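What follows is a single structure, written as structure tokens, with notes after it.
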Amino acid sequence: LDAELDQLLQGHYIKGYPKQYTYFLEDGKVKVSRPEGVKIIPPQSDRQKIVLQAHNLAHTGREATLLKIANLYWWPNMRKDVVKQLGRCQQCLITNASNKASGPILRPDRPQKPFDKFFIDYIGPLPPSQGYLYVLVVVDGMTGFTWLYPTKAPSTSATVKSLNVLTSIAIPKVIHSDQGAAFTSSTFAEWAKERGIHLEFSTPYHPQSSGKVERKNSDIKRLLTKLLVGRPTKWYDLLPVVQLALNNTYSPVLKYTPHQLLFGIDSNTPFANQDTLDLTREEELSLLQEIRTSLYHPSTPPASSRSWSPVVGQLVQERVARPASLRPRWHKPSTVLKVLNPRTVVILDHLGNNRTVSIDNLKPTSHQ
Amino acid sequence: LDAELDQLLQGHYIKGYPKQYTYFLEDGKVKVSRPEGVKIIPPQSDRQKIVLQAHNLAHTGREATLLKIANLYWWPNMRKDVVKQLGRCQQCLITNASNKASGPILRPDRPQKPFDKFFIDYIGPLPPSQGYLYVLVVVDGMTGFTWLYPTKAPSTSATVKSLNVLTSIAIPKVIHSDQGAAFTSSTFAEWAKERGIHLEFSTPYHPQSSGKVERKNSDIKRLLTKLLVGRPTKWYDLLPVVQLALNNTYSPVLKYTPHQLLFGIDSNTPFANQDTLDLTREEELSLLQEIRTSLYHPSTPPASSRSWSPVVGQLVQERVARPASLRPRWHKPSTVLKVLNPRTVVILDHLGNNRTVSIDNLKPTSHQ
Amino acid sequence: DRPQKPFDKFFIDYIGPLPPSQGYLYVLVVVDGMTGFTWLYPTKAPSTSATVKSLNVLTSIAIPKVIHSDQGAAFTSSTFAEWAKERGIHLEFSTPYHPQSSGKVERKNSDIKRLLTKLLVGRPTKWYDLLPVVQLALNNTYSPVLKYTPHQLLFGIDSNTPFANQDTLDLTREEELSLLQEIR
Amino acid sequence: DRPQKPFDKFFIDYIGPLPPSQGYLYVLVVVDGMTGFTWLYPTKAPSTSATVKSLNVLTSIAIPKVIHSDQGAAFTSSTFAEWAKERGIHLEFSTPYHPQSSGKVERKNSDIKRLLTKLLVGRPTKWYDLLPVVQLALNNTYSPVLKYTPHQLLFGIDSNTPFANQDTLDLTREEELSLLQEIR
DNA sequence: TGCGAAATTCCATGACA
DNA sequence: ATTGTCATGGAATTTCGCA
DNA sequence: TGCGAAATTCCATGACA
DNA sequence: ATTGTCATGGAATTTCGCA
Ligand SMILES: O=C(NCc1ccc(F)cc1)c1c(O)n(O)c(=O)c2ccccc12
Ligand SMILES: O=C(NCc1ccc(F)cc1)c1c(O)n(O)c(=O)c2ccccc12
Ligand SMILES: [Mg+2]
Ligand SMILES: [Mg+2]
Ligand SMILES: [N+]
Ligand SMILES: [N+]
Ligand SMILES: [Zn+2]
Ligand SMILES: [Zn+2]
């Protein structure tokens, strides 16, 4: 009610009500002539009620919202109250999308030797060839050497069958994967414990993380499409030739084929590289340890003009699963527990369990 | 066969075979000791046969390809022959994606008055509300004032029904649309001829063009999702309230609501803006013509470091419809007939009819 | 006291019955008391329902400070009276049997009645489909008293379909032929 | 003349029959003539088919300058001889009845035969599933003559599963118990 | 002729099938 | 034959209140 | 000690569900 | 608890051939 506004109308000044304005009463309301015309000045008891009223017309953001108010009312420090109400509007918070981009990406170090890390994804589904339907792609981290296995599903079942042939050659220390259905099975953990293989997983819904392979997938799909122009998509039969193809092909920027990085000698393939013909294997093999280590390795890009990185205990929100239509594209807010690195954090939601996620599926919660 | 290489081995120099290299014969082949070791030098009769052989291993691009050759052979101006073969590889040309970005976008002029241009798209499908399933969104160009009509399909049939209510208020001069099934009907042309409405269409597969509305769609879907949190998606009933909502809401950057831009006075809505209370309609109406014309209007962005714009008679290719999987993501090359503007061109394909398309669905054909 | 504006007041009555077109029997008529701009909603009956059904439409475009109307069933009904109270709309009434539009409105309403009967004779039954086109006309009907149509006063610009056909509209000689033989 | 390398030569024979495991009866054995690295493909018969079926696998990894083998049915057959010609692979043959591997290979092949029989006694029928694990072993089997396993000579690094279990492999005392009672 | 704080304007980010 | 848009919320700028 | 042309290296663009 | 990648083809740079 009345409270502060008496002393105003009385004449003797109050904080944040600038003097040279003629604060009168009229129509039983505390008007004030300002340069834009006369605006009403509602009692602090009503301002929350009003700003909400205004906002709630079209769940408009800060400016949009103040501009509606401006028409009729005036008071001190306006937007401050508007911002209070916006950071309280649950619906605005879970639907508006961001305007703040994620900090620059991390270029983790090239694994040291072959078999230190294996990446694996499933490509598919595809055009039935010989009743097969997916592919299991396995890229060695260090070398980029690559194995393909054509499968009827993207199943723990057939995921295993394959690596059992793979681990004939050698056994890897870690295996990175998408948290997809076939790699998160209980049964797979056992498969890998058995062999003493540490399972490590991309954060969820983020293939940038498994991307050594996601990128080897592009290059695979690419080369078939070339080999199956003007021919029915009978891909099953090329898988071999493709596999061979890529492992034996220069990456311009390294000047080595995945095959060479992994063996140190071309096999009896075409344009087999000669250079080291004349050193004993010993001499070759040591030079390999030499090349392998002194291999190009990219740095982190500059951050965007308006990126954010993630402080601890900050308020942030996870992107909605696969949102339905007419369903907020963001989960309710949550708090950043640990920061595993500028791009990966652990958060607790209101549910509330702990989750490990890419900053890429997070938006900082606007307004605090 | 032999031809040029005799005079070489003989001793007396030939063009582009640098002298201080000891060009001998051995193993019945025209070897040459170079700094990388000794490389064979095949007869010009075989070089095309070879480069193709090399490339065709993995349909590798320029560097990737030369590096395979390098291992065994050497000759003058190598890549030149490699590039010849790449620009001839039909499959490379229709599958590799670009590395050249399109020139900066055009910001066409704000239509002058209301009803000069109407944009229209269909949103959907959606969650059945009251058996309705799509929405027809109509944005006036100049003003941004907007109409919604809930429809059971995205049909010429119901597209018309609606504009027949719309053109009650007034009739527009042009109507812009996506070349979608419902706007390209024969029956619709007739509808619009009848009323003397010029039909003009976005290039195909490019909503940037119809985007005054595509952007009004975002803002629509957004506000429902806010109003239907923790409530079943019974959207049919909000269409009215939403419509009202947006037309009466400030665009921060203009400082006017679409409603005002179109009428010059707020209706009896909340926080109705007062300012012009005191001028006769006449005085208002003229000031409107004033505002309307002196309205913010954005310029063209800077071009990307590596963009291209489209010369006439250039070789370019159209992006594949919705490509299937394992099917080239590009059509065979084609020739730029007319350039309607730096972002829209007319091309003739080998089919070969004339087509009008956004530079955005074109890639310049690599190599010439 | 301040000048007069579009939206300041909205005049309504209902017209009917009439020969059914796609099963409508009535036309709700709204005229802006300033510009004399006209809206025509065809309805099934003069009920507070079909009224509100329509106005809910119009009001999704613009909301009037005031709605003036006679004392009909539909406009008095407490239901309508709420719908108004809700939308913040003042309702306003023409003392029974002494109905008081305004110069421009009185006129425009006349213009309308003659206008209908003019064209729903010869297709008394095909009139629903012409409501669009009718509106367009009475909104591009150059008003003697200003230099302006509704359309221009409403929007401040020139329409793209002008009815510079200063046309008769009067029951021209022949339409009384198959008019007073269809009822008389 | 130049030094010896992995891939320069590939030694093959077939092992079998044997007690069926998932319906295979034969093991194709490929040993790299330089590193003595071993591949084991289980097959259904010593036919040029099942040979090529397998090698098509191995060769999707690496292709050998040369394939040395005895004069078996499968390796002489003109079909195989083509498959080789195709892949640019020189075929090479051990004069009938005087079979001539090499030190390291002769050896490794011996190591293998004993190795199988060691473990396919007691599960003569469950051997298909152990081919992976067997390989791993004979490829991490430290060779007297160098300081190195196949694995290290092939890849130039240390395996993550080492068989520093310098293990007997010999038909240890008890396995002759339920061995010469299963056949004798 | 100049301060501190507020008000305004700027503008990169993202999403419209 | 045609063509991107524009709300949003922190930042950077400009303007206000008082001397 | 320097030219013109070739060879190499650079690096923005895009696509991997 | 974890993390982007890398072929590609014009451009920009560096190096080659000859004096
Ligand atoms: O979206 C996927 N891949 C494309 C892609 C996009 C951006 C990148 F940087 C890298 C790759 C998915 C994928 O590759 N895999 O393997 C999945 O399992 C998956 C599951 C759900 C949704 C998407 C993908
Ligand atoms: O993709 C569409 N809209 C999203 C979008 C993306 C980029 C922009 F800049 C603007 C909008 C489509 C769309 O809006 N409409 O109306 C269609 O008819 C359509 C048809 C086929 C494929 C996509 C769309
Ligand atoms: Mg996956
Ligand atoms: Mg559309
Ligand atoms: N790392
Ligand atoms: N334009
Ligand atoms: Zn809100
Ligand atoms: Zn190619």
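Chain labels A, B, ... are given in the sequence in which chains occur in the structure tokens; within each chain residues are numbered consecutively from 1, and ligands are likewise numbered from 1 in the order shown.
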Next on the checklist: Can you tell me which residues surround region 1-8 of chain H at a distance of at most 6 Å, considering only C-alpha atoms (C1' of nucleotides), apart from same-chain residues fewer than 2 positions away, and format the answer as a PyMOL selection string?
Outcome noted: chain A and resi 106+208-209+211-212+215
Writer output for current selection, N, CA, C and O atoms, as a PDB file, in the first residue's frame:
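Once written, selection.pdb looks like this:
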ATOM      1  N   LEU A 106      38.614 -29.666 -27.057  1.00  0.00           N
ATOM      2  CA  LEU A 106      39.888 -30.179 -26.566  1.00  0.00           C
ATOM      3  C   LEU A 106      40.437 -31.121 -27.579  1.00  0.00           C
ATOM      4  O   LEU A 106      39.707 -31.977 -28.048  1.00  0.00           O
ATOM      5  N   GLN A 208      31.176 -36.160 -30.881  1.00  0.00           N
ATOM      6  CA  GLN A 208      32.487 -35.507 -30.980  1.00  0.00           C
ATOM      7  C   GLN A 208      33.474 -36.380 -30.191  1.00  0.00           C
ATOM      8  O   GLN A 208      34.638 -36.540 -30.580  1.00  0.00           O
ATOM      9  N   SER A 209      33.009 -36.919 -29.062  1.00  0.00           N
ATOM     10  CA  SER A 209      33.878 -37.654 -28.176  1.00  0.00           C
ATOM     11  C   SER A 209      34.332 -38.934 -28.847  1.00  0.00           C
ATOM     12  O   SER A 209      35.518 -39.221 -28.837  1.00  0.00           O
ATOM     13  N   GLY A 211      34.641 -39.424 -31.805  1.00  0.00           N
ATOM     14  CA  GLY A 211      34.776 -38.965 -33.182  1.00  0.00           C
ATOM     15  C   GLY A 211      35.991 -39.371 -34.001  1.00  0.00           C
ATOM     16  O   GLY A 211      36.166 -38.917 -35.116  1.00  0.00           O
ATOM     17  N   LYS A 212      36.863 -40.195 -33.460  1.00  0.00           N
ATOM     18  CA  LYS A 212      38.041 -40.562 -34.208  1.00  0.00           C
ATOM     19  C   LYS A 212      37.493 -41.501 -35.197  1.00  0.00           C
ATOM     20  O   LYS A 212      37.882 -41.464 -36.373  1.00  0.00           O
ATOM     21  N   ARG A 215      34.621 -40.075 -37.547  1.00  0.00           N
ATOM     22  CA  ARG A 215      35.255 -39.523 -38.722  1.00  0.00           C
ATOM     23  C   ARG A 215      35.744 -40.577 -39.669  1.00  0.00           C
ATOM     24  O   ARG A 215      35.892 -40.344 -40.853  1.00  0.00           O
TER      25      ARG A 215
END
Least-squares align chain C to chain D using all Cα atoms paired by position, then dump the moved coordinates as a PDB file with C-alpha atoms, in the first residue's frame.
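The resulting out-v1.pdb:
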ATOM      1  CA  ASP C   1      71.081 -58.547 -51.229  1.00  0.00           C
ATOM      2  CA  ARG C   2      68.521 -56.754 -48.994  1.00  0.00           C
ATOM      3  CA  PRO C   3      67.309 -57.608 -45.424  1.00  0.00           C
ATOM      4  CA  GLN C   4      64.294 -59.736 -44.517  1.00  0.00           C
ATOM      5  CA  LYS C   5      60.877 -58.261 -43.640  1.00  0.00           C
ATOM      6  CA  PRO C   6      57.372 -58.956 -42.394  1.00  0.00           C
ATOM      7  CA  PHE C   7      55.096 -59.729 -45.318  1.00  0.00           C
ATOM      8  CA  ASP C   8      57.918 -60.903 -47.513  1.00  0.00           C
ATOM      9  CA  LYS C   9      56.754 -64.444 -47.172  1.00  0.00           C
ATOM     10  CA  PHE C  10      53.837 -66.368 -45.765  1.00  0.00           C
ATOM     11  CA  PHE C  11      53.900 -69.978 -44.808  1.00  0.00           C
ATOM     12  CA  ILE C  12      50.800 -72.169 -44.929  1.00  0.00           C
ATOM     13  CA  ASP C  13      49.666 -75.760 -44.361  1.00  0.00           C
ATOM     14  CA  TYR C  14      46.414 -77.084 -42.954  1.00  0.00           C
ATOM     15  CA  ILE C  15      45.992 -79.023 -39.717  1.00  0.00           C
ATOM     16  CA  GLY C  16      43.402 -81.852 -39.514  1.00  0.00           C
ATOM     17  CA  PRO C  17      40.886 -83.447 -39.250  1.00  0.00           C
ATOM     18  CA  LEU C  18      40.118 -82.827 -35.547  1.00  0.00           C
ATOM     19  CA  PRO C  19      37.201 -83.313 -33.203  1.00  0.00           C
ATOM     20  CA  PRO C  20      34.542 -80.849 -34.590  1.00  0.00           C
ATOM     21  CA  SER C  21      34.137 -77.580 -32.801  1.00  0.00           C
ATOM     22  CA  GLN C  22      31.144 -75.586 -33.951  1.00  0.00           C
ATOM     23  CA  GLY C  23      31.425 -77.812 -37.041  1.00  0.00           C
ATOM     24  CA  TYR C  24      34.925 -76.845 -38.114  1.00  0.00           C
ATOM     25  CA  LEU C  25      37.423 -79.624 -38.706  1.00  0.00           C
ATOM     26  CA  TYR C  26      40.596 -78.016 -39.894  1.00  0.00           C
ATOM     27  CA  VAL C  27      42.852 -75.159 -39.020  1.00  0.00           C
ATOM     28  CA  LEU C  28      44.599 -73.143 -41.668  1.00  0.00           C
ATOM     29  CA  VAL C  29      47.908 -71.938 -40.329  1.00  0.00           C
ATOM     30  CA  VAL C  30      49.718 -68.886 -41.619  1.00  0.00           C
ATOM     31  CA  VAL C  31      53.080 -67.879 -40.252  1.00  0.00           C
ATOM     32  CA  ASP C  32      55.037 -64.825 -41.253  1.00  0.00           C
ATOM     33  CA  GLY C  33      58.377 -66.049 -42.471  1.00  0.00           C
ATOM     34  CA  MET C  34      60.203 -63.162 -40.890  1.00  0.00           C
ATOM     35  CA  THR C  35      58.467 -62.471 -37.533  1.00  0.00           C
ATOM     36  CA  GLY C  36      56.907 -65.915 -37.190  1.00  0.00           C
ATOM     37  CA  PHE C  37      53.667 -64.152 -36.319  1.00  0.00           C
ATOM     38  CA  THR C  38      50.819 -66.615 -36.596  1.00  0.00           C
ATOM     39  CA  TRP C  39      47.268 -66.513 -37.938  1.00  0.00           C
ATOM     40  CA  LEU C  40      44.784 -69.325 -37.340  1.00  0.00           C
ATOM     41  CA  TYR C  41      41.696 -69.729 -39.478  1.00  0.00           C
ATOM     42  CA  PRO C  42      39.429 -72.692 -38.622  1.00  0.00           C
ATOM     43  CA  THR C  43      37.850 -74.296 -41.672  1.00  0.00           C
ATOM     44  CA  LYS C  44      35.508 -77.048 -42.817  1.00  0.00           C
ATOM     45  CA  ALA C  45      37.918 -78.756 -45.257  1.00  0.00           C
ATOM     46  CA  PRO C  46      41.319 -78.428 -46.973  1.00  0.00           C
ATOM     47  CA  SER C  47      39.614 -77.213 -50.129  1.00  0.00           C
ATOM     48  CA  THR C  48      40.744 -74.371 -52.278  1.00  0.00           C
ATOM     49  CA  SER C  49      37.469 -72.762 -51.277  1.00  0.00           C
ATOM     50  CA  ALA C  50      37.801 -72.686 -47.543  1.00  0.00           C
ATOM     51  CA  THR C  51      41.413 -71.598 -48.048  1.00  0.00           C
ATOM     52  CA  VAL C  52      40.554 -68.599 -50.112  1.00  0.00           C
ATOM     53  CA  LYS C  53      37.618 -67.856 -47.832  1.00  0.00           C
ATOM     54  CA  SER C  54      40.161 -67.404 -45.047  1.00  0.00           C
ATOM     55  CA  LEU C  55      43.065 -65.771 -46.845  1.00  0.00           C
ATOM     56  CA  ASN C  56      40.580 -63.197 -48.185  1.00  0.00           C
ATOM     57  CA  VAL C  57      40.345 -62.206 -44.579  1.00  0.00           C
ATOM     58  CA  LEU C  58      43.982 -62.103 -43.748  1.00  0.00           C
ATOM     59  CA  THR C  59      44.655 -60.302 -47.000  1.00  0.00           C
ATOM     60  CA  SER C  60      42.205 -57.577 -46.046  1.00  0.00           C
ATOM     61  CA  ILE C  61      44.878 -56.683 -43.488  1.00  0.00           C
ATOM     62  CA  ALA C  62      48.155 -57.361 -45.299  1.00  0.00           C
ATOM     63  CA  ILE C  63      49.234 -59.001 -48.533  1.00  0.00           C
ATOM     64  CA  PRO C  64      52.358 -61.107 -48.749  1.00  0.00           C
ATOM     65  CA  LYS C  65      54.968 -60.830 -51.450  1.00  0.00           C
ATOM     66  CA  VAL C  66      55.064 -64.647 -51.336  1.00  0.00           C
ATOM     67  CA  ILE C  67      53.121 -67.685 -50.149  1.00  0.00           C
ATOM     68  CA  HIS C  68      55.082 -70.816 -49.442  1.00  0.00           C
ATOM     69  CA  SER C  69      53.238 -74.069 -48.936  1.00  0.00           C
ATOM     70  CA  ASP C  70      53.516 -77.775 -49.571  1.00  0.00           C
ATOM     71  CA  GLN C  71      52.048 -79.366 -52.685  1.00  0.00           C
ATOM     72  CA  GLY C  72      48.630 -80.008 -51.184  1.00  0.00           C
ATOM     73  CA  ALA C  73      45.430 -80.310 -53.237  1.00  0.00           C
ATOM     74  CA  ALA C  74      44.288 -76.843 -52.349  1.00  0.00           C
ATOM     75  CA  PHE C  75      47.489 -74.933 -52.979  1.00  0.00           C
ATOM     76  CA  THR C  76      48.229 -76.376 -56.422  1.00  0.00           C
ATOM     77  CA  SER C  77      44.627 -76.090 -57.736  1.00  0.00           C
ATOM     78  CA  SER C  78      44.463 -73.570 -60.604  1.00  0.00           C
ATOM     79  CA  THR C  79      41.749 -71.665 -58.777  1.00  0.00           C
ATOM     80  CA  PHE C  80      44.028 -70.778 -55.894  1.00  0.00           C
ATOM     81  CA  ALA C  81      46.787 -70.144 -58.426  1.00  0.00           C
ATOM     82  CA  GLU C  82      44.576 -67.410 -59.858  1.00  0.00           C
ATOM     83  CA  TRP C  83      43.488 -65.785 -56.629  1.00  0.00           C
ATOM     84  CA  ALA C  84      47.229 -65.436 -56.186  1.00  0.00           C
ATOM     85  CA  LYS C  85      47.992 -64.137 -59.643  1.00  0.00           C
ATOM     86  CA  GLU C  86      45.085 -61.665 -59.028  1.00  0.00           C
ATOM     87  CA  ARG C  87      46.383 -60.373 -55.700  1.00  0.00           C
ATOM     88  CA  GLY C  88      49.883 -60.085 -57.274  1.00  0.00           C
ATOM     89  CA  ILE C  89      51.118 -62.832 -54.931  1.00  0.00           C
ATOM     90  CA  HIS C  90      53.909 -65.188 -55.875  1.00  0.00           C
ATOM     91  CA  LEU C  91      53.125 -68.802 -55.020  1.00  0.00           C
ATOM     92  CA  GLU C  92      55.972 -71.085 -53.888  1.00  0.00           C
ATOM     93  CA  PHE C  93      56.253 -74.854 -53.377  1.00  0.00           C
ATOM     94  CA  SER C  94      57.985 -77.513 -51.293  1.00  0.00           C
ATOM     95  CA  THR C  95      59.138 -80.346 -53.703  1.00  0.00           C
ATOM     96  CA  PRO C  96      56.894 -83.356 -52.921  1.00  0.00           C
ATOM     97  CA  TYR C  97      57.668 -85.268 -49.787  1.00  0.00           C
ATOM     98  CA  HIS C  98      60.757 -83.053 -48.946  1.00  0.00           C
ATOM     99  CA  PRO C  99      58.884 -80.122 -47.133  1.00  0.00           C
ATOM    100  CA  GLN C 100      61.066 -77.114 -46.403  1.00  0.00           C
ATOM    101  CA  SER C 101      59.850 -74.380 -44.059  1.00  0.00           C
ATOM    102  CA  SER C 102      62.715 -72.535 -42.247  1.00  0.00           C
ATOM    103  CA  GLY C 103      64.400 -72.629 -38.860  1.00  0.00           C
ATOM    104  CA  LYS C 104      61.940 -70.290 -37.200  1.00  0.00           C
ATOM    105  CA  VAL C 105      58.942 -71.542 -39.128  1.00  0.00           C
ATOM    106  CA  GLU C 106      59.710 -75.270 -38.880  1.00  0.00           C
ATOM    107  CA  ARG C 107      59.915 -74.578 -35.166  1.00  0.00           C
ATOM    108  CA  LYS C 108      56.880 -72.378 -34.732  1.00  0.00           C
ATOM    109  CA  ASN C 109      54.792 -75.028 -36.631  1.00  0.00           C
ATOM    110  CA  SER C 110      55.972 -77.692 -34.222  1.00  0.00           C
ATOM    111  CA  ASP C 111      55.181 -75.414 -31.290  1.00  0.00           C
ATOM    112  CA  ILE C 112      51.691 -75.157 -32.674  1.00  0.00           C
ATOM    113  CA  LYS C 113      50.842 -78.856 -33.176  1.00  0.00           C
ATOM    114  CA  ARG C 114      51.859 -79.744 -29.611  1.00  0.00           C
ATOM    115  CA  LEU C 115      50.047 -76.698 -28.395  1.00  0.00           C
ATOM    116  CA  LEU C 116      46.671 -77.702 -29.843  1.00  0.00           C
ATOM    117  CA  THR C 117      46.718 -81.306 -28.775  1.00  0.00           C
ATOM    118  CA  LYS C 118      47.689 -80.086 -25.354  1.00  0.00           C
ATOM    119  CA  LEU C 119      44.416 -78.227 -24.898  1.00  0.00           C
ATOM    120  CA  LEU C 120      42.056 -80.024 -27.209  1.00  0.00           C
ATOM    121  CA  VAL C 121      42.532 -82.983 -24.900  1.00  0.00           C
ATOM    122  CA  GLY C 122      39.864 -82.699 -22.219  1.00  0.00           C
ATOM    123  CA  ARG C 123      37.844 -80.500 -24.528  1.00  0.00           C
ATOM    124  CA  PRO C 124      38.589 -82.038 -27.918  1.00  0.00           C
ATOM    125  CA  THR C 125      35.374 -80.452 -29.015  1.00  0.00           C
ATOM    126  CA  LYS C 126      35.636 -76.948 -27.531  1.00  0.00           C
ATOM    127  CA  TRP C 127      38.699 -75.898 -29.451  1.00  0.00           C
ATOM    128  CA  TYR C 128      37.196 -73.444 -31.947  1.00  0.00           C
ATOM    129  CA  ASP C 129      36.633 -70.925 -29.198  1.00  0.00           C
ATOM    130  CA  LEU C 130      40.263 -70.996 -28.157  1.00  0.00           C
ATOM    131  CA  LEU C 131      41.820 -70.150 -31.439  1.00  0.00           C
ATOM    132  CA  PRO C 132      41.867 -66.468 -30.423  1.00  0.00           C
ATOM    133  CA  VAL C 133      43.685 -67.152 -27.190  1.00  0.00           C
ATOM    134  CA  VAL C 134      46.104 -69.577 -28.762  1.00  0.00           C
ATOM    135  CA  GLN C 135      47.257 -67.065 -31.349  1.00  0.00           C
ATOM    136  CA  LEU C 136      47.805 -64.409 -28.598  1.00  0.00           C
ATOM    137  CA  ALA C 137      50.147 -66.913 -27.012  1.00  0.00           C
ATOM    138  CA  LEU C 138      52.302 -67.982 -29.971  1.00  0.00           C
ATOM    139  CA  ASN C 139      52.566 -64.367 -30.882  1.00  0.00           C
ATOM    140  CA  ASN C 140      53.739 -63.459 -27.391  1.00  0.00           C
ATOM    141  CA  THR C 141      56.007 -66.499 -27.175  1.00  0.00           C
ATOM    142  CA  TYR C 142      59.471 -65.092 -26.563  1.00  0.00           C
ATOM    143  CA  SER C 143      61.800 -66.409 -29.319  1.00  0.00           C
ATOM    144  CA  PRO C 144      65.278 -67.685 -28.202  1.00  0.00           C
ATOM    145  CA  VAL C 145      66.904 -66.524 -31.482  1.00  0.00           C
ATOM    146  CA  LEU C 146      66.000 -62.818 -31.077  1.00  0.00           C
ATOM    147  CA  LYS C 147      65.023 -61.003 -27.954  1.00  0.00           C
ATOM    148  CA  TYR C 148      61.555 -60.775 -29.406  1.00  0.00           C
ATOM    149  CA  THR C 149      58.061 -62.128 -29.885  1.00  0.00           C
ATOM    150  CA  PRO C 150      56.208 -61.999 -33.142  1.00  0.00           C
ATOM    151  CA  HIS C 151      54.129 -59.289 -31.547  1.00  0.00           C
ATOM    152  CA  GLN C 152      57.055 -57.045 -30.995  1.00  0.00           C
ATOM    153  CA  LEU C 153      58.676 -57.612 -34.324  1.00  0.00           C
ATOM    154  CA  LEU C 154      55.438 -57.055 -36.132  1.00  0.00           C
ATOM    155  CA  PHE C 155      54.306 -53.921 -34.350  1.00  0.00           C
ATOM    156  CA  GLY C 156      57.498 -52.675 -32.657  1.00  0.00           C
ATOM    157  CA  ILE C 157      55.900 -52.345 -29.244  1.00  0.00           C
ATOM    158  CA  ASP C 158      55.019 -54.445 -26.224  1.00  0.00           C
ATOM    159  CA  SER C 159      51.728 -56.394 -26.075  1.00  0.00           C
ATOM    160  CA  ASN C 160      49.240 -55.728 -23.254  1.00  0.00           C
ATOM    161  CA  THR C 161      48.840 -59.461 -22.618  1.00  0.00           C
ATOM    162  CA  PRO C 162      52.297 -61.060 -22.191  1.00  0.00           C
ATOM    163  CA  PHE C 163      52.800 -64.809 -21.776  1.00  0.00           C
ATOM    164  CA  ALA C 164      55.821 -64.542 -19.525  1.00  0.00           C
ATOM    165  CA  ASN C 165      54.375 -67.914 -18.466  1.00  0.00           C
ATOM    166  CA  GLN C 166      57.264 -69.865 -20.008  1.00  0.00           C
ATOM    167  CA  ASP C 167      54.878 -72.863 -19.831  1.00  0.00           C
ATOM    168  CA  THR C 168      55.346 -76.665 -20.444  1.00  0.00           C
ATOM    169  CA  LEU C 169      53.038 -77.164 -23.423  1.00  0.00           C
ATOM    170  CA  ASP C 170      54.211 -80.793 -23.342  1.00  0.00           C
ATOM    171  CA  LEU C 171      51.703 -83.583 -22.906  1.00  0.00           C
ATOM    172  CA  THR C 172      52.199 -83.264 -19.085  1.00  0.00           C
ATOM    173  CA  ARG C 173      51.956 -86.698 -17.357  1.00  0.00           C
ATOM    174  CA  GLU C 174      48.152 -86.681 -16.692  1.00  0.00           C
ATOM    175  CA  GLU C 175      46.870 -85.806 -20.156  1.00  0.00           C
ATOM    176  CA  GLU C 176      48.304 -89.102 -21.441  1.00  0.00           C
ATOM    177  CA  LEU C 177      46.024 -90.665 -18.820  1.00  0.00           C
ATOM    178  CA  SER C 178      42.724 -89.616 -20.453  1.00  0.00           C
ATOM    179  CA  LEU C 179      44.502 -89.357 -23.838  1.00  0.00           C
ATOM    180  CA  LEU C 180      45.611 -92.935 -24.612  1.00  0.00           C
ATOM    181  CA  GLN C 181      42.342 -94.124 -23.056  1.00  0.00           C
ATOM    182  CA  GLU C 182      40.282 -91.908 -25.472  1.00  0.00           C
ATOM    183  CA  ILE C 183      41.966 -93.510 -28.510  1.00  0.00           C
ATOM    184  CA  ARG C 184      43.891 -96.559 -27.110  1.00  0.00           C
TER     185      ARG C 184
END
(request) Throw together the list of residues within 9 Å of ligand 8, counting only C-alpha atoms (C1' of nucleotides) and all ligand atoms, and drop it here as a VMD selection string. (result) (chain A and resid 223 226 to 227) or (chain B and resid 52 55 to 61 85 to 93 95)
As a PyMOL selection string, list the residues of region 48-148 of chain D assigned to alpha helix (DSSP H) by DSSP on the backbone atoms of this structure. chain D and resi 48-58+73-76+78-87+103-119+131-139
Practice prompt. Step by step, measure atom-to-atom distances between ligand 1 and each residue using only C-alpha atoms (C1' of nucleotides) and all ligand atoms, keep those at most 8 Å, then write them as a list in words.
Written response: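 Final answer, ordered by chain and number: residues 121, 122, 123, 178, 179, 180, 205, 206, 207, 208, 209, 210, 211, 214 and 215 of chain A; 15, 16 and 17 of chain G; 4 and 5 of chain H.
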Requested in this report: Could I get the residue neighbourhood of ligand 5 at 9 Å, counting only C-alpha atoms (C1' of nucleotides) and all ligand atoms, as a PyMOL selection string?
Outcome: (chain A and resi 106-111) or (chain H and resi 3)
